[PDB]
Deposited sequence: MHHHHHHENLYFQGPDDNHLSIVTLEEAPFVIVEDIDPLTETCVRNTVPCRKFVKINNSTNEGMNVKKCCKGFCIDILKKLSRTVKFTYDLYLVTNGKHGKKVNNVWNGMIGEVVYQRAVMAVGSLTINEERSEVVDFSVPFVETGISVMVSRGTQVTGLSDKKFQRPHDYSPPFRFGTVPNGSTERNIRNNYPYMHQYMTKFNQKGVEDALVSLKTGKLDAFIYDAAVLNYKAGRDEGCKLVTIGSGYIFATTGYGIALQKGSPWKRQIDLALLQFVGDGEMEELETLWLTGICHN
C-alpha cells in the first residue's frame, strides 16, 4: 500500500553500508541477501545499515511524500545492464517489479528510460576522465583514446564495465571500446590504485564519483581533465516503474528541496573535498 520495496547499491558517498541490533545516527536499516553456499539457492537476509547522500534524499522523500519503505541492496548485478534482452541490477529490480523504486548513484540514460521512469536528476553526472596531474589529454575525443595504436607505447585506459559509462563508449567509439576491455577494472578502488602505481594512464568513469574521489585524493595528485569536464551530461535519478503513481510527487518534492535551499546542505555534508 504505502509501504514500498526500495532497492539501492553501495557506492560512496552516495550509499555507504555499515554493520549493525538497531541502526543509529544518520543510518537507516537495509538488508542484503547473502547466499549460504554456491551449491544452493538458499540465502539469508543480513540486517545492515545504510547512510550517504542518496540515503538522506530518500529520508527527505519519505518524510515529504509520506511513505515508508523496506530498503535492500541489489544482489543480481549492479546499477543495471541489459543482458540477452533482460535487465539486471537496480534497473532490473524495478523492471521486474521487485522494487517500487531504485535509489542511489543510478545514471539516467536513454535505454534505461525505455524500461523505467526516472525522476528529475538531482546529482549532475556523466563521463569524466581521471588522470595523474599534468597528463596531456583533451577529452574522450583525444586521439590517444580514439586511435590508441597510433601511439607507441599506447595509452593505457579503462573503466569499470557493465554500467552507463561502458554502454556509452561501446555505442559511440567502437575501436576505443574494444581496445579498452583489456583494462577493465573490477571497481573504483582498484582503478585508483592502478592509476597511482602507474599501471593505468587514465580511468574513465561516472563524473560525480570521480569528482568526489578527486576532491579527497591524498596530495591531490589525481584529477579530472578539463577542470572537471563532463561528456554526455546527465544526472542520477530515482528509477520507478513505468507509469508509477509516485513519479510526480517525487519530482515535485526534489524540485522543492532544490528551490528551498535544502539540497545545498546535503551537498556540503557529503560531497565536499579538500582538493
Which bits of the deposited sequence have no atoms placed for their C-alpha?
1 to 16, 37 to 40, 296 to 297
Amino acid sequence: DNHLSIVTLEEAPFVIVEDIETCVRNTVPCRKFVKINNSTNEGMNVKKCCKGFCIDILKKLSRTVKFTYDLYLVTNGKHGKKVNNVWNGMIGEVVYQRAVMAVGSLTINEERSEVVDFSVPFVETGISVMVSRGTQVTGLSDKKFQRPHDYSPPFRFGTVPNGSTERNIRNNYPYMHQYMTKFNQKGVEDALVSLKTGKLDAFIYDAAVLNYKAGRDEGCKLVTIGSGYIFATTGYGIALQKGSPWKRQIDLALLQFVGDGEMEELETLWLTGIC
From here on, numbers count along this sequence of modelled residues.
Averaged over C-alpha atoms, is the B-factor higher for 105 to 113 or for 143 to 151 in this PDB entry?
143 to 151
Between 132 to 140 and 201 to 209, point out the one with the higher average CA B-factor as the PDB entry records it.
132 to 140
With respect to C-alpha B-factor, does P29 fall in the lowest, middle or highest third of the chain as deposited?
middle
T40 - which third its CA temperature factor falls in, relative to the rest of the chain
highest
Among all modelled residues of this chain, ranked by Cα B factor, put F231 in the bottom, middle or top third, i.e. lowest, middle or highest.
middle
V258, C-alpha B-factor rank within chain (lowest, middle or highest third)
highest
Quick check for you: using the entry's CA B-factors within this chain, is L9 in the lowest, middle or highest third?
lowest
